Amino acid sequence: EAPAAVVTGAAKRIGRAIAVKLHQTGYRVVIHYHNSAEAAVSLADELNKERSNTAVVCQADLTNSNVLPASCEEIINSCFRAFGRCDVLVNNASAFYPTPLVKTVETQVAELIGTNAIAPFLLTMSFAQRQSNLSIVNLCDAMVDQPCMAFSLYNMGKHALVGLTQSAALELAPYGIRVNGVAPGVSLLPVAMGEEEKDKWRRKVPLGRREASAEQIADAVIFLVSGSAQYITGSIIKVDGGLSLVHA
Amino acid sequence: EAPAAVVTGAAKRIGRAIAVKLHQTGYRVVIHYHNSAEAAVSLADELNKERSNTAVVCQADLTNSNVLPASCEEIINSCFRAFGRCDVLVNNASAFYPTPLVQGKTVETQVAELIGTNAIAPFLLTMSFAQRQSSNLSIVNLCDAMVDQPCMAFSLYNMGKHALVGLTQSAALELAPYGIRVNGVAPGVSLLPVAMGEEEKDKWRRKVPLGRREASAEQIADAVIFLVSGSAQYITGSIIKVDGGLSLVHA
Amino acid sequence: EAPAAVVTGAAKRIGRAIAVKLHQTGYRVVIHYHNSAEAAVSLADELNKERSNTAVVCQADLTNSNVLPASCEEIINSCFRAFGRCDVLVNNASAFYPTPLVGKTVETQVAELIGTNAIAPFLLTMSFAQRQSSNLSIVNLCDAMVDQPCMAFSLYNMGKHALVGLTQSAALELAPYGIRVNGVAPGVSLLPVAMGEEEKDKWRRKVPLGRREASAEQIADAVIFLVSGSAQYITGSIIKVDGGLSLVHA
Amino acid sequence: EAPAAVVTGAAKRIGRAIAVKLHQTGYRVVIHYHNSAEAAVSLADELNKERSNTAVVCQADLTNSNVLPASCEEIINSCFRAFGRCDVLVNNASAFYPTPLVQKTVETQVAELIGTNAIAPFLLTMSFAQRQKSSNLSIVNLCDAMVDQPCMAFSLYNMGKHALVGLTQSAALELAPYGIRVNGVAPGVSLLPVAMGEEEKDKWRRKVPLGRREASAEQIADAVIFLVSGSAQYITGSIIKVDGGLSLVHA
Ligand SMILES: NC(=O)c1ccc[n+]([C@@H]2O[C@H](COP(=O)([O-])OP(=O)(O)OC[C@H]3O[C@@H](n4cnc5c(N)ncnc54)[C@H](OP(=O)(O)O)[C@@H]3O)[C@@H](O)[C@H]2O)c1
Ligand SMILES: NC(=O)c1ccc[n+]([C@@H]2O[C@H](COP(=O)([O-])OP(=O)(O)OC[C@H]3O[C@@H](n4cnc5c(N)ncnc54)[C@H](OP(=O)(O)O)[C@@H]3O)[C@@H](O)[C@H]2O)c1
Ligand SMILES: NC(=O)c1ccc[n+]([C@@H]2O[C@H](COP(=O)([O-])OP(=O)(O)OC[C@H]3O[C@@H](n4cnc5c(N)ncnc54)[C@H](OP(=O)(O)O)[C@@H]3O)[C@@H](O)[C@H]2O)c1
Ligand SMILES: NC(=O)c1ccc[n+]([C@@H]2O[C@H](COP(=O)([O-])OP(=O)(O)OC[C@H]3O[C@@H](n4cnc5c(N)ncnc54)[C@H](OP(=O)(O)O)[C@@H]3O)[C@@H](O)[C@H]2O)c1
Ligand SMILES: COc1ccc(OC)c(CCc2csc3nc(N)nc(N)c23)c1
Ligand SMILES: COc1ccc(OC)c(CCc2csc3nc(N)nc(N)c23)c1
Ligand SMILES: COc1ccc(OC)c(CCc2csc3nc(N)nc(N)c23)c1
Ligand SMILES: COc1ccc(OC)c(CCc2csc3nc(N)nc(N)c23)c1
């Protein structure tokens, strides 16, 4: 019986790379998406071409709301329905945009704190409640202590996610559920970002003056879920090419 | 003219100790409170007896909601209404209770209270404080020295306090150009919960290397007063542990 | 042709497990040792029986002194002499014992504890870099408990904190040369041979994930990840392998 | 009776400002120096003009060596011989220069950089505590806010400063039962090197969010004064950044 993984925000970019690598390793996968239905199904189609009935999609908004807990319960339920088990949860989905101190602000709070922290918390609860090499991997941020200017809410969300990673590692250890993070520095740059701004970031990276591929981020995820990480819990692995070590 | 400070959750315990010490230092104070009206008014009375028209109370729920931004804005407005300025903001108010991951309040409410009080309200209050502004403007966030060795089953509380570290850093960076410093004070064990039995209190006390006792409220307030003072005018983005070595002690 | 790795303090325990796993992955290995000559030679024998001419021993005291730079250069030299290349350095050797603030002299304690845990890693890093399709990296055996240290282990703890600093500074400075520098930070793994069983069990019961210490092989697994092609964007990172021990309050 | 403090490397710059502020606070002081005899004596004479018999100087090399333990014991002993007590130790003296990994002997660089920044502090701490085997005893270590984002090619310096963090934590834990608190102050950019061109000084100044300027020596001293004060008596194992937010600024 193959293990099964849920990957949030898995239609594109880093989440897609993670889904693909888990699938290549032998997992059956739930590809969660919010707006990217076409891309989510295209990925499922590709994975199911390789191995029939090993990939399904699941739609949900992960914005904080009165219905978020039910939405997160259903994401976990979708894995059990499709595959009869849920071994791995990857909290990858994330809103990312500036929120200057000086969309309504309450909506920004709901999206940024919801996707990056509250949904991971609720998914973690539902994952644990429903329960071998069980683990959770949270996509963190190597730059949390040297944050982007005017990204307070995003940064708060990513700090909260560090807190969840630690608290859940502690509390779920008795159940044999490990809880770890992967912290990219600069990986795939935002599609909306200009080419000049992208190159400004790349030239800051000590190791090769380039961003991490999605696959390089996924490699750390694969390690953490693997049998080679069986004693590792509450750890956050930076995958940042030394970017966080570089002073102003 | 005397400077003015807002202290959230200032009716009792650490919040009161901070309000009292700021007042003793020459600040006029807004004593924010949620449910503790009697205690808030009693404190304001004591302070106004010491110096007339130097303390007012301000009631607000800091639970997350769509009106929280308006509530936070009104807290800062109340300081300007009373005193014509707002030099210091102390984010002290905090919900604190367990939220077990594996099994009264709905999870939605728990998220709203624990994340709202510890992180979102601080953020909105920070926004409003900055938007309203020789000078010594600053914000102090009451953090938690144990955030990396958290209490079992307190994930949402811990998440909120981590978020608060993030705000302290992000806001220090962004508000520096406005001369608004943003720092934190991180108690370990200070005043134990009223509902806690003495045996459980003593268990915590005997963990603290420096004197096997909890921090007094005044000791926490002392670090706050330092950070708002002219003796800290180059300090921003710093979180000062006031924990008697507790966070250094392994399992 | 096969890459080559230096592992310090490789004759026994975690260093041996690291040497063995690297060897199983395809590395030729320099098994550095100080006092454990018989165990070092026995391991080299086992590894060479598996693949001929893939293991050598190299003896060196890694206590701080005016000759330590020469000793460290000679360790790296021994890898080039045996194998013609040096792809991986694992800084594992370590003195570990209490040095209370209130038989060995204090100058010897400083020399041993700071030398093995920090200065030798530095000098080995220098010599490794100076001697340099490729995948060059250094892995430093750190300590997950550096911020919640054992009582009366100040010099040891200072050494391990210095090793964190080295890992970071060297990651930064050697990145332009394609040399990655990372760490692995055990919590409780193989307990000291001298420790009494009661105290061993005390430590085991503190670990959230399984109430047991890490095996040497579990520590080695993280080293193998960091030197692998699956870590080629990772530098300046220290991976805790502690079963959650460092998360547990007093 | 007046308390007494030892300040290492106190002839100039930050150490001098610390010595002055301690003296202004009421401390008698041991002004340790290595090469700067004239500056040390000039300070001593200035302080003794203020209050007779309140300042002495103590010469020592704090490079790592076989004799360093004796030298450190003698520094502490000097404070007892001068003043009959030793309440405060400030580990400020520090060698600082690049040590590139790829191309003074290296063993000398090790001895100087690790000796001054880590081993001498450790030995001074041992000696301080052994002599202590109303009171407010404490140690303040001058750390570095940039230890996790170090200058390129300063590995041995950075190693020494990381080691000093370890000492600060380990000694806080171990000495807490004796009532001796151990803390740090971590400047980011404070007084720039004397030779440094203003154009290079400005490159660093412009990076500092809070005021685009370096910390004065006096601002660093202010944080030391807080930590040794009665307002910090629950604070141990804490390192206070005094960096204007520099360490929060990404590349
Ligand atoms: N890229 C980087 O350089 C970098 C750096 C540091 C950390 N990270 C972290 O690594 C992870 C992946 O990064 P990425 O750049 O690949 O992420 P991304 O493209 O910004 O977002 C990934 C997905 O998150 C989903 N998402 C956004 N808002 C959502 C909402 N309200 N509800 C449900 N899903 C929502 C979206 O799914 P749909 O498209 O289906 O709507 C989106 O495709 C994130 O956690 C990110 O913070 C990335
Ligand atoms: N006590 C400790 O040992 C300790 C340890 C570490 C950190 N800290 C931190 O230091 C600060 C002070 O601690 P403390 O023990 O004095 O705090 P506390 O007694 O638990 O709470 C302080 C005040 O928070 C206010 N509050 C709670 N929920 C609120 C809501 N929904 N809306 C508005 N206000 C709300 C309450 O005001 P009303 O009474 O008016 O309802 C309460 O009096 C907190 O931030 C805490 O996290 C304390
Ligand atoms: N074991 C744990 O629970 C644990 C926890 C945290 C971190 N770590 C770290 O992980 C690494 C491996 O731990 P371990 O317990 O396997 O180490 P260990 O047994 O204490 O020491 C490994 C080797 O270090 C060598 N060594 C000691 N002093 C030396 C000197 N003066 N010169 C040269 N070599 C010297 C010894 O080699 P010879 O036998 O040949 O003399 C010894 O076998 C160490 O860096 C340790 O600090 C271990
Ligand atoms: N300045 C900054 O921007 C900055 C930034 C971060 C941290 N810090 C830290 O704050 C502290 C003060 O900084 P600073 O710039 O004022 O220091 P500094 O001028 O570089 O050095 C202070 C003193 O250290 C003494 N010293 C150097 N080598 C010694 C040796 N081998 N033995 C004994 N004493 C020796 C010297 O004494 P003599 O002159 O008598 O020879 C020197 O005057 C240091 O610990 C430093 O690392 C400073
Ligand atoms: C100002 O825009 C910036 C500045 C710095 C950046 O890396 C240091 C990036 C990379 C993209 C990114 C980082 S977290 C993150 N999180 C999500 N959910 N998506 C992303 N695309 C990113 C973008
Ligand atoms: C299980 O109850 C515990 C466990 C550990 C504790 O300190 C190490 C405390 C002290 C009270 C407390 C800490 S954060 C905090 N935050 C608020 N808003 N209120 C409080 N009363 C506390 C209580
Ligand atoms: C009081 O003795 C202790 C206390 C705590 C411990 O783990 C948390 C250990 C495990 C052995 C150990 C840790 S670093 C270390 N370093 C070396 N070179 N060797 C070792 N054997 C160890 C022993
Ligand atoms: C290349 O020169 C540099 C680069 C960056 C710097 O600040 C971040 C400084 C300030 C001086 C300094 C920092 S630690 C330090 N330590 C000692 N013992 N002395 C100093 N003078 C300094 C100088």
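Method-wise, the PDB entry is recorded as coming from X-ray crystallography, at a reported resolution of 1.700 Å.

Draft legend 1. Local environment of the overall build of chain C. Of regular secondary structure, chain C possesses 7 helices and 7 strands. In sequence order, the secondary structure elements of chain C are arranged as β-α-β-α-β-α-β-α-β-α-β-α-α-β. Relative to the globule expectation of 18 Å for 250 residues, the C-alpha radius of gyration of chain C, 17 Å, shows essentially globular dimensions. Along the three orthogonal principal directions, the C-alpha set of chain C runs to about 50 × 40 × 40 Å. Split into buried and exposed, the 250 residues of chain C put 64% on the buried side. When the accessible surface of chain C is split by element, carbon and sulfur atoms take 47% of a total near 8,700 Å². Looking at charge distribution, chain C has the averaged site of its 21 positive side-chain charges lying 4 Å from that of its 22 negative ones.

Draft legend 2. Examining the interface of chain B and chain D more closely. Listed by partner, the interface residues are 33 residues for chain B and 35 residues for chain D. Of the roughly 2,700 Å² buried between chain B and chain D on both sides combined, carbon and sulfur atoms contribute 67%. Its largest share of buried area at the contact with chain D, chain B owes to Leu210(B), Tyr234(B) and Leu248(B), together 32% of the area lost on that side. Joining chain B to chain D, the criterion identifies 0 salt bridges. Of all the secondary structure elements, the ones that give two or more residues to the side of chain B that touches chain D are α5 (155–175), α7 (217–228) and β7 (239–242) of chain B. At 4 residues, the largest contribution of residues to the side of chain B that touches chain D is made by α7(B). Grouping the amino acids of the side of chain B that touches chain D by side-chain chemistry returns 17 nonpolar, 10 polar and 6 charged.

Draft legend 3. Looking closely at the sheet that holds strand β6 (residues 179–186) of chain C. All names here are of chain C. An order of β3-β2-β1-β4-β5-β6-β7 is seen for the 7 strands of this open sheet, with the pairing classed as parallel. Of all the strands in the sheet, just β3 (55–59) and β7 (238–241) have a single pairing partner and so form its edges. Between one strand axis and the next, the sheet turns by 15° as a mean value, whatever way the strands run. Relative to β3, strand β2 (residues 28–33) runs parallel, the two being bridged by 5 bridges. By the bridge assignment for β3, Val30 is matched with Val56. The strands touched by helix α4 (residues 106–131) within the sheet are β4 (88–91), β5 (136–141) and β6, with β4 carrying the most contacts at an inclination of about 175°.

Draft legend 4. View of the site of ligand 2. Residue and element names in this part refer to chain B. In the neighbourhood of ligand 2, 27 residues make up the surrounding shell, with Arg13, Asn35, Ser36, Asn92 and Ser190 lying closest. One nitrogen or oxygen atom from the side chain of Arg13 is found 2.8 Å from an oxygen atom belonging to ligand 2. Interatomic distance of 3.2 Å between a side-chain N/O atom of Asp61 and a nitrogen atom of ligand 2. About the coverage of ligand 2: the protein hides 86% of its 890 Å² of free accessible area. Classifying every residue of the shell around ligand 2 gives 12 nonpolar, 11 polar and 4 charged.

Draft legend 5. Geometry of the UniProt feature "binding site: substrate" (unreviewed entry) in chain B. Residues and elements named next belong to chain B. According to UniProt, the "binding site: substrate" (unreviewed entry) feature falls on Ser138. Position of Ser138 relative to the elements: it lies in strand β5 (residues 137–142). Assessed through its relative accessible area of 0%, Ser138 is described here as buried. Apart from residues lying up to four places away in sequence, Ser138 is in contact with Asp87, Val88, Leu89, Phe129, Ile180, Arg181, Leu227 and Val228.

Draft legend 6. Broad picture of the sheet that holds strand β3 (residues 55–59) of chain A. Residues and elements named next belong to chain A. Strand order across the open sheet formed by 7 strands is β3-β2-β1-β4-β5-β6-β7, with parallel pairing between neighbours. Edge positions in the open sheet fall to β3 and β7 (236–239), since each of these has one partner strand only. When strand polarity is set aside, the average angle formed by the axes of neighbouring strands in this sheet is 20°. Pairing analysis gives 4 bridges linking strand β1 (residues 4–7) to strand β2 (residues 28–33), with the strands arranged parallel. Paired with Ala5 across the two strands is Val29, which belongs to β2. Packed onto the sheet, helix α1 (residues 13–25) meets β1, β2, β4 (88–91) and β5 (135–139) and runs at close to 175° relative to β1. Lying on the sheet, helix α2 (residues 37–50) is in contact with β2 and β3; it crosses β2 at an angle near 170°.

Draft legend 7. Main features of the nonpolar core. Formed by 195 residues in total, the largest nonpolar core has its most connected members in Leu22(A), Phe121(A), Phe123(B) and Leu22(C). Sequence-distant contacts of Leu22(A), defined by excluding residues within four places in its chain, comprise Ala5(A), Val7(A), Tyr27(A), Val29(A), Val90(A), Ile222(A) and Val225(A). Counting 102 residues, the second largest nonpolar core, distinct from the first, contains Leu248(B), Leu124(C), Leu136(C) and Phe122(D).

Draft legend 8. Quick look at the site of ligand 6. Residues and elements named next belong to chain B. Taken together, the neighbourhood of ligand 6 is formed by 13 residues, with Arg13, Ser94, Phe96, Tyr157 and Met196 sitting nearest. Here a nitrogen atom of ligand 6 and a side-chain polar atom of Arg13 are 3.3 Å apart. Interatomic distance of 2.8 Å between a side-chain N/O atom of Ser94 and a nitrogen atom of ligand 6. Burial of ligand 6 by the protein chains amounts to 80% of its free accessible area of 510 Å².

Draft legend 9. Seen up close, the interface of chain A and chain B. With 41 residues of chain A in contact, the opposing surface of chain B contributes 41 residues. Between chain A and chain B, the buried area comes to about 3,600 Å², and carbon and sulfur atoms account for 70% of it. The interface formed by chain A and chain B contains 0 salt bridges. Elements with a minimum of two residues in the side of chain A that touches chain B: α4 (105–129) and α5 (152–172) of chain A. In terms of residues, the side of chain A that touches chain B owes the most to one element, α5(A), which gives 15 residues. The residue makeup of the side of chain A that touches chain B, split by class, is 27 nonpolar, 11 polar and 3 charged.

Draft legend 10. Fine view of the UniProt feature "binding site: substrate" (unreviewed entry) in chain C. Residues annotated by UniProt as "binding site: substrate" (unreviewed entry) correspond here to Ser137(C). By relative accessible area, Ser137(C) is classed as buried at 0%.

Draft legend 11. Just unusual backbone geometry, in detail. Located in the positive-phi region is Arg13(B), a residue other than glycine, with phi close to 55°. Not every positive phi belongs to a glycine, and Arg212(D) is a case in point at roughly 50°. The exposure class of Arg212(D) is partly exposed, given its relative accessible area of 43%.

Draft legend 12. Molecular detail of helix α1 (residues 13–25) of chain C. Residue and element names in this part refer to chain C. When the terminal C-alpha atoms of α1 are compared, their 19 Å separation across 13 residues agrees well with the 18 Å that a helix rising 1.5 Å per residue should span. On its buried side, α1 packs onto β1 (4–7), β2, α2 (37–50), β4, β5 and α7 (216–227). Following α1 by one or two positions, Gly26 adopts a phi angle in the positive range, close to 120°.

Draft legend 13. Representation of helix α6 (residues 197–204) of chain C. Buried residues of α6(C): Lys200(C), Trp203(C) and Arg204(C), and no others. Considered in projection along α6(C), the buried side chains sweep an arc of 100° and stay on one side of the axis.

Draft legend 14. The pairing of β6(C), seen in detail. Residue and element names in this part refer to chain C. Of all 8 residues in β6, 8 are buried; the element is thus mostly enclosed. With burial as the criterion, each face of β6 is covered, one bearing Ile179, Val181, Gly183 and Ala185 and the other bearing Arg180, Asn182, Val184 and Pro186. Pairing between β5 and β6: 6 bridges, direction parallel. Within β6, the residue paired with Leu141 across the bridge is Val184. Viewed along the sheet, the connection from β5 through helix α5 (residues 154–174) into β6 turns out right-handed. Direction of pairing for β6 relative to β7: parallel, over a ladder of 4 bridges. Opposite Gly183, over in β7, you have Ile238 as the bridge partner.

Conventions used here
Residues numbered from 1 in each chain as written, not as in the entry; some residues may be left out. Chains lettered and ligands numbered in written order. Heavy atoms only, no water. Helix = DSSP H or I, 4+ residues; strand = E, 2+ residues; numbered from the N terminus. Rg over C-alpha atoms; globule rule 2.2 N^0.38 Å. Buried < 20%, exposed > 50% of the residue type's maximum accessible area, 1.4 Å probe, protein only. Areas by Shrake-Rupley, 256 points an atom, 1.4 Å probe, with all protein chains shown as cover. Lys, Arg positive; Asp, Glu negative; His and termini not counted. Charge placed at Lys NZ, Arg CZ, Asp CG, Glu CD. Contact = heavy atoms within 4.5 Å. Buried area = accessible area lost by both parts, 1.4 Å probe. Salt bridge = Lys/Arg side-chain N within 4 Å of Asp/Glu carboxyl O. Nonpolar A, V, L, I, M, F, W, Y, C, P; charged D, E, K, R; others polar. Pairing = 2+ DSSP bridges. Axes fitted to C-alpha atoms, helices over the stretch in contact; angles between N-to-C directions. Near = heavy atom within 4 Å. Polar contact = N/O pair within 3.5 Å; in protein donor to acceptor, adjacent residues only side chain to side chain. UniProt positions renumbered as here; feature names shortened; annotations may be inferred. Core = buried A, V, L, I, M, F, W, Y, C linked by side-chain atoms within 4.5 Å. Expected span 1.5 Å × (residues − 1). Arc of directions from axis to C-beta. Right-handed = clockwise from strand over helix to strand, strands pointing away.

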